[PDB]
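Enquirer: This is the structure, below, for whatever I ask next.
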Amino acid sequence: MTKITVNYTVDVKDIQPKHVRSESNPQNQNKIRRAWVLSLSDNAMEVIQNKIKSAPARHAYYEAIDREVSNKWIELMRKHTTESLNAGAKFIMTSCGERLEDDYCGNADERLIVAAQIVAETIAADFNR
Amino acid sequence: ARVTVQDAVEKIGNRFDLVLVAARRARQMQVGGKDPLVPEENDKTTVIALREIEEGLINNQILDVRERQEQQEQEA
Amino acid sequence: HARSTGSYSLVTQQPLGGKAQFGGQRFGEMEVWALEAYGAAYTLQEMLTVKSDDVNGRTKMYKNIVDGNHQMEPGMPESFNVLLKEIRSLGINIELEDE
Amino acid sequence: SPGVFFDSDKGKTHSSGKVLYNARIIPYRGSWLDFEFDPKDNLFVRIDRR
Amino acid sequence: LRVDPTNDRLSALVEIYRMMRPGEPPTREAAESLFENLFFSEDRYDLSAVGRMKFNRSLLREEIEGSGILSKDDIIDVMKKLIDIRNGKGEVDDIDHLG
Amino acid sequence: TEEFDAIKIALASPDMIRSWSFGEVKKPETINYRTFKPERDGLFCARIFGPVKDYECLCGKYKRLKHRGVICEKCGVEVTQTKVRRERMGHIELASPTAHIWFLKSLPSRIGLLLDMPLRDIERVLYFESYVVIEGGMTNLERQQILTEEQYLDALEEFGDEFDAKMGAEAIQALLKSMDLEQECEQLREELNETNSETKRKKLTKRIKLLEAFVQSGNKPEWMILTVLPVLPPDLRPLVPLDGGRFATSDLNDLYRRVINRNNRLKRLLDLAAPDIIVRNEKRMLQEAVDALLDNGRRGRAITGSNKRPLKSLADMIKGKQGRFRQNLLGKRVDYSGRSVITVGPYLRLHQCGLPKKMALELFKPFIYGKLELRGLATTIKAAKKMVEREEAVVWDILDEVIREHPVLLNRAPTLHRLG
Amino acid sequence: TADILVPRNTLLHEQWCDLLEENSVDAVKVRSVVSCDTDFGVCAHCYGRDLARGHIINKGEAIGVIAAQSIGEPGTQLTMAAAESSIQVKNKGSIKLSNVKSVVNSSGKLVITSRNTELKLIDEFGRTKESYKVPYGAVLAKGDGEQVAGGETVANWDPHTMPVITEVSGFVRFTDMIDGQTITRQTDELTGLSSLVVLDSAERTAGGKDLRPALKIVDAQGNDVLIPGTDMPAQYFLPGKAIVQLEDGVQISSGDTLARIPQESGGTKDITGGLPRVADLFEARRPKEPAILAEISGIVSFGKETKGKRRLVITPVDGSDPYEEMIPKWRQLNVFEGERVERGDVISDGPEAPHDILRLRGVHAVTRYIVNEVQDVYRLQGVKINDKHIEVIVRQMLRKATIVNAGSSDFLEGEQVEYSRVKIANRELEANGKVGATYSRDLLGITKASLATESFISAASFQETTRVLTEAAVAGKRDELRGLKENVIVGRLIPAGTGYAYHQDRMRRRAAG
Amino acid sequence: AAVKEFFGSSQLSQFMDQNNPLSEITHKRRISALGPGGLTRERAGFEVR
RNA sequence: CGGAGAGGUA
DNA sequence: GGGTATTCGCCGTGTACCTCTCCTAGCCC
DNA sequence: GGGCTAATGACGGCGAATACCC
């Protein structure tokens with residue numbers, strides 16, 4: 001709809017612990033959706049409401065966007081592993097499985113928010129037609 | 001007849017394959033195909049087979065060689 | 001009391017019913033362990049499958065003994081079939097790894 | 001018999017031993033009443049077995 | 001009292017009604033009615049003559065009779081003598097005693 | 001017998017459950033009550049579970065014993081061997097999904113652990129008492145969290161078509177539909193590559209173990225919610241009326257009649273587009289009926305008339321004390337067995353026991369029949385029956401022959417060792 | 001002498017037992033089912049030969065059911081010198097001591113410390129005839145290789161209290177001494193002693209639990225004096241009810257008590273016998289404050305004291321130093337800061353739990369403990385049962401182990417130790433070892449082990465059925481029909497006895513064989 | 001209905017063991033700690049037995 | 001031969 | 001924080017036989 | 001007539017879910 005879509009992406013202030021959940025156990029989900037919401041503004045809400053007139057279709061495209069951000073986040077972890085290995089990282093075998101070295105390790109929250117911001121920019125570009 | 005299986009246990013130490021071979025012997029004396037090698041007293045095939053095994057007349061070697069040979073003569 | 005052939009349940013082929021011919025005596029799991037302690041291995045199979053549950057086994061073995069020999073059919077006891085069916089009745093699958 | 005029964009709750013050691021007490025009120029008809037003790041010497045009340 | 005999470009009649013009645021009946025959003029009047037019926041109505045809680053006699057005998061009263069329903073004085077007496085039995089002044093009652 | 005080396009255990013998909021059933025159960029009827037004719041297509045149905053008699057249709061159509069390889073083409077009865085009625089299973093298509101009672105109240109709540117959310121919330125949402133955000137949108141509140149009525153409303157006015165929340169097993173089915181196992185496994189294993197905290201990595205590993213367990217089991221969690229409920233074969237829950245005013249029969253038939261009545265009422269309500277409150281209450285009491293059928297004891301006792309005792313559910317006679325009942329205890333009785341008081345025989349050799357003549361006669365009856373027919377003393381099994389019941393002196397020599405070498409096992413009822 | 005008198009791995013029948021009898025031997029190592037390495041079964045020689053025959057155990061004999069019924073049959077008979085006073089040898093023989101933490105000090109006192117010291121009575125041969133346990137602190141006028149008459153007090157101690165005999169000379173400094181918190185003020189001087197009482201080891205004070213009173217023994221110059229030969233540290237960290245006999249400022253000789261810790265003179269009522277006792281050994285039930293063991297060797301010290309339960313850091317000399325552990329504050333302890341502990345050394349005092357014995361002291365140690373306790377229960381009623389049955393039951397209880405470093409596990413999966421061994425054998429056979437793979441055995445009760453069976457059928461059909469069936473359905477398990485009971489339910493030849501020959505053949509017939 | 005249920009199908013309304021006058025007189029003088037409001041058979045119970 | 005309750009037995 | 005330390009449900013209950021009852025009924029159509 | 005149709009005086013053990021001093 002709107003030729004310009006305001007974004008809340010690539011902000012330095014967008015780094016904060018995404019561990020919000022109202023029930024037990026803080027692992028994945030209840031944060032991924034919040035992550036890729038925090039990268040989008042309300043203008044996205046109005047644009048999707050005008051473009052799509054079906055609530056089940058809207059929910060399906062929300063799930064599609066969530067799968068896209070998950071795929072891009074997985075791409076981010078594999079890229080981080082590849083660049084760490086190119087930087088001389090070693091596979092640390094702890095009693096939790098595989099990890100990288102401390103000086104080579106990243107963190108999931110920053111990768112997740114970067115993925116969310118980039119996908120939000122992609123969606124904003126998608127609204128520009 | 002015979003009531004004690006001590007001699008058969010001495011012949012066949014495992015005494016589990018002893019049950020198998022005794023059953024085999026007793027079944028094909030009960031079901032047509034052969035006749036006992038120890039004379040009868042109107043006894044069932046069980047004690048007859050036991051008395052055979054005590055005398056060392058029937059064991060796994062004798063049984064399977066007899067089966068082999070009867071297969072060659074029956075086949076041609 | 002004793003019996004050889006007579007009444008059977010309409011839910012299973014275990015022998016029970018009335019007192020005109022009461023069912024066979026209840027050879028419980030304790031006596032199954034008693035047989036297991038021996039090398040009593042076939043005896044369990046006859047006393048659980050052909051003499052107790054397998055209706056096809058019961059008929060075949062009765063015909064065999066009447067015919068003048070003591071031979072057995074292995075059989076598939078109906079008790080396990082009942083357990084299988086009612087496990088399947090709750091939406092929990094049971095299947096057979098066919099040989 | 002309906003009435004007041006002061007019995008002893010045993011086996012509640014919790015690495016501290018000590019036999020606790022319980023007072024049960026039994027009516028001929030109705031709901032029982034229970035005044036039991038705890039290892040912290042705090043009196044807890046149960047109506048029936050609630 | 002320190003552990004007690006309520007300090008007034010209405011909250012105590014509400015909590016008692018709740019733990020009697022899970023769910024069932026409670027009102028003060030309903031809780032009052034239930035509490036009065038379970039312990040102070042002579043159609044839901046009766047000790048009968050023998051119950052009252054044994055009740056008085058256990059608490060060491062000279063009376064041999066009284067109301068069939070529970071009363072505040074009876075409950076405070078049960079408190080006092082249970083505290084006494086904790087203090088060692090009282091004695092636990094036998095459970096299979098024919099008395 | 002059938003040849004197999006192993007038994008697999010897995011959850012059942014609605015598709016393969018429908019594959020099990022040869023027909024859909026519709027009528028909540030066993031018989032015509034006062035009239036003892038079974039009602040089709042009720043819980044007993046020759047069209048569904050096959051004929052009650054052997055090699056003959058029961059409609060009044062076929063009486064010839066020739067149709068055993070084909071079904072009746074004159075009516076709906078699937079005429080086969082009577083044994084087929086003991087093996088054919090049925091199904092009922094639930095209008096609303098219903099949770100499986102075991103996966104809810106069991107201490108290792110499989111739905112609870114799979115959804116990482118306590119069984120208290122599971123029962124509150126299933127009992128139609130609390131909302132849960134089922135895959136929301138850009139809402140400031142959590143994507144997956146419990147809600148009661150007031151906040152659910154406040155969100156409903158606050159958030160429009162970006163907010164989904166529902167009642168009963170439909171909501172839990174929505175959550176289980178929305179979860180992809182492989183994506184979550186990849187996400188967790190990628191997180192382990194970066195995370196270096198003990199607690200985070202430990203919970204990642206626990207979630208990975210559960211997820212790979214579900215993946216290797218090949219079970220879609222959507223299969224774990226009941227869309228179609230299979231009904232057990234009629235013969236294994238047989239119909240046995242008791243004469244008089246009472247209409248007593250198998251408890252399973254009663255529970256299934258209850259459930260099918262509830263399903264029919266709910267389907268009728270939905271077909272008429274009944275108000276949400278009525279259909280929700282019908283769904284709740286359908287959940288109650290199904291959970292009572294599957295396992296009585298986790299939803300409140302379901303009691304029958306004139307007997308203060310819960311009806312025995314499927315799980316209650318799956319479970320046994322001691323051990324699964326009909327496998328070896330209780331009770332696994334056996335033919336060719338007997339019981340008697342014991343007397344002392346001090347003239348017996350150690351390998352001998354004294355057995356009553358009548359007991360020997362009516363224990364070894366097939367042996368007597370075979371020997372009599374082999375020796376020419378009888379010409380048929382009926383002649384053998386007459387000979388053994390007359391108990392003449394002739395059969396005594398036959399019994400001597402069959403007992404001379406044939407041994408018997410003596411057994412004490414409390415058996416504490418093999419010598420027992 | 002090193003003269004071999006028994007053949008390699010041969011059955012020990014009556015003649016061999018005799019030959020061991022005239023050529024007396026104290027102990028014999030025998031292949032046990034616990035030590036058996038055979039997978040999916042037990043080695044014949046590892047079992048024994050006890051049947052209705054003197055011959056070696058036959059192949060295919062279902063010994064597990066025999067063991068279970070041999071334990072169950074005498075169950076119907078189960079119904080429900082001086083110990084801890086003074087060791088008085090009632091025979092004539094050499095005095096021998098094992099696992100001593102003792103130093104000879106003045107007045108000819110062989111002051112033996114710790115509860116880990118044992119006193120044998122060696123007869124004319126290597127065999128022992130009397131056995132005793134020497135407690136922490138004792139007075140011995142006898143030594144190794146000394147003959148003693150019957151009824152002679154070879155070792156003695158106060159039967160009403162345990163005295164702590166000082167082993168070095170010098171003044172005693174009261175370290176970790178806070179007045180009014182650690183101990184209460186009580187001075188009763190008769191000949192220079194005091195009645196200062198360390199508060200009970202349940203709850204002392206706010207400050208008397210965050211600190212623990214100690215008595216360091218140092219010379220007049222004040223330099224630290226060490227005790228070479230014992231692991232008992234020079235600083236006596238006073239436990240509960242330890243009355244400090246010796247005051248500060250007085251030189252102490254070697255042979256004088258330092259602290260008195262009262263004892264109950266034996267006969268403590270914390271024991272249960274009979275059929276429930278046998279059952280709870282077979283279920284490995286917690287003994288209601290088990291005497292927890294020192295789970296690693298090395299020097300020990302207290303950690304952050306009294307955080308609800310006091311943490312005790314054991315720092316090995318070459319191992320992982322950060323090894324704090326938990327201690328409840330309702331037990332009386334034997335080990336103090338700076339005392340050398342090892343695997344199986346007791347931390348608290350009381351009954352042992354089978355789990356910690358198995359995990360720490362070893363599988364053979366827990367097997368010995370269970371066999372000894374069960375056989376003692378059967379001796380109480382004068383019914384003798386061959387210990388191989390208890391051994392196979394123990395072998396069945398411990399079929400599971402927790403993986404630490406996995407080969408194909410998940411670093412915390414409780415897996416069948418049989419499967420763990422088959423995978424480690426497979427990986428070691430190949431030229432590549434991955435990872436790996438380390439496992440620690442853990443004990444399960446009869447019920448829990450039965451539910452922890454590889455096959456869901458056995459656990460479901462004869463114990464908790466709903467839970468087992470649900471877990472099997474969700475996990476998608478499959479069972480190769482394994483043990484006998486599965487075949488009993490299925491109704492075919494069980495792989496035992498005369499049936500074992502059949503099913504084994506079928507196992508050969510599989511895999512296109 | 002309630003009275004008939006009590007007198008016919010209660011757990012303390014037992015068929016009188018009638019083979020001897022002693023059997024009668026013991027059955028009527030029996031004292032059952034079981035029943036509604038009392039013990040249960042599976043008590044054990046070592047104190048009450 | 002659908003299932004509960006009671007007694008007695010070992 | 002953390003380890004008890006409770007509180008909240010699930011669960012187990014020798015064997016086998018004999019005898020005996022006693023068996024979904026409410027109800028608005 | 002009828003077609004649907006709707007507690008404890010257990011005890012010991014144990015896993016799950018919070019509860020409570022230091």
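Identifiers in this document derive from the order of the structure tokens: chains are assigned A, B, ..., residues are numbered from 1 separately in each chain, and ligands are numbered from 1 in order of occurrence.
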Could you name the residues that touch residue F:42 at 10 Å or less, counting only C-alpha atoms (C1' of nucleotides), but leaving out those on the same chain fewer than 5 positions away, as a list in words?

Expert: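 Everything that qualifies: residues 24, 25, 26, 27, 28, 29, 30, 31, 47, 48, 257 and 260 of chain F.
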
Enquirer: Keeping only N, CA and C atoms, take the residues you just selected and write them out as a PDB file, in the first residue's frame.

Expert:
```
ATOM      1  N   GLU F  24     -18.137 -46.465   9.810  1.00  0.00           N
ATOM      2  CA  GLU F  24     -18.278 -45.365  10.753  1.00  0.00           C
ATOM      3  C   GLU F  24     -19.444 -45.647  11.693  1.00  0.00           C
ATOM      4  N   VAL F  25     -19.193 -45.541  12.992  1.00  0.00           N
ATOM      5  CA  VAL F  25     -20.235 -45.743  13.992  1.00  0.00           C
ATOM      6  C   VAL F  25     -21.014 -44.449  14.174  1.00  0.00           C
ATOM      7  N   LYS F  26     -22.334 -44.530  14.006  1.00  0.00           N
ATOM      8  CA  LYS F  26     -23.175 -43.342  14.045  1.00  0.00           C
ATOM      9  C   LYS F  26     -24.193 -43.408  15.177  1.00  0.00           C
ATOM     10  N   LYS F  27     -24.944 -44.503  15.253  1.00  0.00           N
ATOM     11  CA  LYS F  27     -26.003 -44.606  16.242  1.00  0.00           C
ATOM     12  C   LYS F  27     -25.438 -44.983  17.611  1.00  0.00           C
ATOM     13  N   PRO F  28     -25.862 -44.290  18.664  1.00  0.00           N
ATOM     14  CA  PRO F  28     -25.455 -44.673  20.021  1.00  0.00           C
ATOM     15  C   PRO F  28     -26.355 -45.746  20.609  1.00  0.00           C
ATOM     16  N   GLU F  29     -26.596 -46.812  19.852  1.00  0.00           N
ATOM     17  CA  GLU F  29     -27.503 -47.874  20.256  1.00  0.00           C
ATOM     18  C   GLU F  29     -26.790 -49.218  20.233  1.00  0.00           C
ATOM     19  N   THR F  30     -27.026 -50.023  21.265  1.00  0.00           N
ATOM     20  CA  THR F  30     -26.601 -51.417  21.261  1.00  0.00           C
ATOM     21  C   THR F  30     -27.678 -52.352  20.739  1.00  0.00           C
ATOM     22  N   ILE F  31     -28.863 -52.319  21.342  1.00  0.00           N
ATOM     23  CA  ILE F  31     -30.027 -53.052  20.859  1.00  0.00           C
ATOM     24  C   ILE F  31     -31.222 -52.112  20.924  1.00  0.00           C
ATOM     25  N   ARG F  47     -23.230 -54.579   9.448  1.00  0.00           N
ATOM     26  CA  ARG F  47     -22.682 -53.832   8.323  1.00  0.00           C
ATOM     27  C   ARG F  47     -21.272 -53.337   8.621  1.00  0.00           C
ATOM     28  N   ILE F  48     -20.966 -53.062   9.887  1.00  0.00           N
ATOM     29  CA  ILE F  48     -19.673 -52.513  10.291  1.00  0.00           C
ATOM     30  C   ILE F  48     -18.719 -53.614  10.744  1.00  0.00           C
ATOM     31  N   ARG F 257     -21.819 -45.743  24.271  1.00  0.00           N
ATOM     32  CA  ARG F 257     -23.128 -45.156  24.004  1.00  0.00           C
ATOM     33  C   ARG F 257     -23.184 -43.722  24.502  1.00  0.00           C
ATOM     34  N   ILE F 260     -21.071 -41.583  22.049  1.00  0.00           N
ATOM     35  CA  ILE F 260     -21.698 -41.403  20.743  1.00  0.00           C
ATOM     36  C   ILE F 260     -22.932 -40.514  20.851  1.00  0.00           C
TER      37      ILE F 260
END
```

Enquirer: Please report as JSON lines every residue of chain E lying within 12 Å of chain K, along with the nearest atom pair and their distance in Å (one decimal), using only C-alpha atoms (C1' of nucleotides).

Expert:
```
{"residue": "E:3", "atom": "CA", "partner": "K:20", "partner_atom": "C1'", "distance": 11.4}
{"residue": "E:95", "atom": "CA", "partner": "K:9", "partner_atom": "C1'", "distance": 9.5}
{"residue": "E:96", "atom": "CA", "partner": "K:9", "partner_atom": "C1'", "distance": 10.4}
```

Enquirer: If you run DSSP on the backbone, which residues of chain A are alpha helix (DSSP H), as a ChimeraX atom specification?

Expert: /A:32-38,42-51,55-86,108-127

Enquirer: Could you tell me which of E:46, E:98, E:38, E:82 comes closest to residue D:48 if we count only C-alpha atoms?

Expert: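 Distance minimum relative to residue D:48 lands on E:38.
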
Enquirer: Tell me, in Å to one decimal, how far atom CA of residue F:180 is from atom CA of residue F:214.

Expert: 11.0 Å

Enquirer: Counting only C-alpha atoms (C1' of nucleotides), what is within 7 Å of stretch 34-49 of chain B, bar same-chain residues fewer than 6 positions away, as number ranges by chain?

Expert: B: 1-2, 22, 25-26, 28; F: 405

Enquirer: Should the cut-off be 12 Å, what would the residue list for chain F against chain K look like, counting only C-alpha atoms (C1' of nucleotides), as a CSV table (one decimal) with C-alpha atoms, in the first residue's frame?

Expert:
```
chain,number,residue,atom,x,y,z
F,27,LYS,CA,-26.0,-44.6,16.2
F,28,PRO,CA,-25.5,-44.7,20.0
F,29,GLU,CA,-27.5,-47.9,20.3
F,30,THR,CA,-26.6,-51.4,21.3
F,31,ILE,CA,-30.0,-53.1,20.9
F,32,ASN,CA,-33.7,-51.9,20.8
F,33,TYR,CA,-33.6,-52.1,24.6
F,34,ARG,CA,-36.9,-53.8,25.4
F,35,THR,CA,-36.4,-55.5,22.0
F,105,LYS,CA,-2.8,-36.2,34.0
F,106,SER,CA,0.1,-38.5,34.0
F,107,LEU,CA,3.1,-37.2,36.0
F,108,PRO,CA,5.2,-37.1,32.8
F,109,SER,CA,2.6,-35.1,30.9
F,118,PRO,CA,2.2,-26.9,33.1
F,119,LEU,CA,-0.6,-29.5,33.2
F,120,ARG,CA,-2.7,-27.1,35.3
F,254,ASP,CA,-22.4,-48.1,28.1
F,255,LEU,CA,-19.5,-45.7,28.0
F,256,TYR,CA,-19.4,-45.8,24.2
F,257,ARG,CA,-23.1,-45.2,24.0
F,258,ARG,CA,-22.6,-42.1,26.2
F,259,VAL,CA,-19.8,-40.8,24.0
F,260,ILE,CA,-21.7,-41.4,20.7
F,261,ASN,CA,-24.8,-39.7,22.2
F,262,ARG,CA,-22.6,-36.7,23.1
F,264,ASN,CA,-24.4,-36.8,17.9
F,265,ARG,CA,-25.7,-34.0,20.1
F,285,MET,CA,-19.0,-32.7,28.4
F,286,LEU,CA,-17.9,-34.6,25.3
F,288,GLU,CA,-15.6,-35.5,29.9
F,289,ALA,CA,-17.3,-38.5,28.3
F,302,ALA,CA,-18.4,-42.0,36.3
F,303,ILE,CA,-20.9,-44.0,38.2
F,304,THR,CA,-23.7,-46.4,37.0
F,305,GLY,CA,-27.2,-46.9,38.4
```

Enquirer: How close does each residue of chain D get to chain J, giving the shortest atom pair and distance in Å to one decimal for every residue with an atom at most 10 Å away, counting only C-alpha atoms (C1' of nucleotides), sorted by chain and residue number, as a tab-separated table?

Expert:
```
residue	atom	partner	partner_atom	distance
D:14	CA	J:5	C1'	7.8
D:15	CA	J:4	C1'	9.6
D:38	CA	J:6	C1'	9.5
D:39	CA	J:6	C1'	9.5
```

Enquirer: For chain D against chain E, with a cut-off of 7 Å and counting only C-alpha atoms, what is the closest atom pair and its distance in Å to one decimal for every residue that makes the cut, ordered by chain and number, as JSON lines?

Expert:
```
{"residue": "D:1", "atom": "CA", "partner": "E:51", "partner_atom": "CA", "distance": 6.7}
{"residue": "D:2", "atom": "CA", "partner": "E:51", "partner_atom": "CA", "distance": 4.4}
{"residue": "D:3", "atom": "CA", "partner": "E:55", "partner_atom": "CA", "distance": 4.2}
{"residue": "D:4", "atom": "CA", "partner": "E:55", "partner_atom": "CA", "distance": 5.3}
{"residue": "D:5", "atom": "CA", "partner": "E:93", "partner_atom": "CA", "distance": 6.4}
{"residue": "D:6", "atom": "CA", "partner": "E:92", "partner_atom": "CA", "distance": 5.3}
{"residue": "D:7", "atom": "CA", "partner": "E:92", "partner_atom": "CA", "distance": 5.4}
{"residue": "D:8", "atom": "CA", "partner": "E:92", "partner_atom": "CA", "distance": 6.7}
{"residue": "D:21", "atom": "CA", "partner": "E:86", "partner_atom": "CA", "distance": 6.9}
{"residue": "D:23", "atom": "CA", "partner": "E:82", "partner_atom": "CA", "distance": 6.5}
{"residue": "D:27", "atom": "CA", "partner": "E:47", "partner_atom": "CA", "distance": 4.4}
{"residue": "D:28", "atom": "CA", "partner": "E:47", "partner_atom": "CA", "distance": 4.6}
{"residue": "D:29", "atom": "CA", "partner": "E:46", "partner_atom": "CA", "distance": 5.3}
{"residue": "D:30", "atom": "CA", "partner": "E:45", "partner_atom": "CA", "distance": 4.3}
{"residue": "D:31", "atom": "CA", "partner": "E:38", "partner_atom": "CA", "distance": 6.7}
{"residue": "D:50", "atom": "CA", "partner": "E:20", "partner_atom": "CA", "distance": 6.9}
```

Enquirer: For residue F:357, work out the shell of residues within 12 Å, counting only C-alpha atoms (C1' of nucleotides) and skipping chain neighbours fewer than 2 positions away, then give it as number ranges by chain.

Expert: C: 2; F: 354-355, 359-364, 391, 393, 395-397, 399-400, 403

Enquirer: As an exercise, work out the distance from atom CA of residue F:272 to atom CA of residue F:134 in Å and give it to one decimal place.

Expert: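 Value for the atom CA of residue F:272-atom CA of residue F:134 distance: 26.8 Å.
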
Enquirer: Taking only C-alpha atoms into account, find every residue of chain A that has an atom no more than 8 Å from chain G, and write it out as a PDB file with N, CA and C atoms, in the first residue's frame.

Expert:
```pdb
ATOM      1  N   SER A  95      30.263 -30.925  27.852  1.00  0.00           N
ATOM      2  CA  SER A  95      29.189 -31.855  28.174  1.00  0.00           C
ATOM      3  C   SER A  95      27.847 -31.191  27.899  1.00  0.00           C
ATOM      4  N   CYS A  96      27.749 -30.550  26.737  1.00  0.00           N
ATOM      5  CA  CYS A  96      26.502 -30.064  26.172  1.00  0.00           C
ATOM      6  C   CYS A  96      26.561 -30.242  24.662  1.00  0.00           C
ATOM      7  N   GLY A  97      27.674 -30.796  24.176  1.00  0.00           N
ATOM      8  CA  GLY A  97      27.891 -30.988  22.758  1.00  0.00           C
ATOM      9  C   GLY A  97      28.952 -30.045  22.213  1.00  0.00           C
TER      10      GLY A  97
END
```

Enquirer: Extract, using only C-alpha atoms (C1' of nucleotides), all DNA, RNA and protein residues at most 9 Å from residue G:458, discarding same-chain residues fewer than 5 positions from it, and format them as JSON, numbers by chain.

Expert: {"G": [450, 451, 453, 463, 483, 485, 486, 489]}

Enquirer: Would you mind listing, for every residue of chain I within 8 Å of chain H, the two atoms forming the shortest contact and the distance between them in Å to one decimal, using only C-alpha atoms (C1' of nucleotides), sorted by chain and ascending residue number, as a tab-separated table?

Expert:
```
residue	atom	partner	partner_atom	distance
I:5	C1'	H:11	CA	6.3
I:6	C1'	H:14	CA	6.4
I:7	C1'	H:17	CA	7.9
```

Enquirer: Quick check: residues of chain E within 12 Å of chain F, only C-alpha atoms, returned as a ChimeraX atom specification.

Expert: /E:22-24

Enquirer: Please measure the separation of atom CA of residue D:19 and atom CA of residue G:332, giving the value in Å to one decimal.

Expert: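 These atoms are spaced 21.3 Å apart.
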
Enquirer: Which of these residues is nearest to chain D, using only C-alpha atoms: G:110, G:294, G:230, G:350?

Expert: G:350
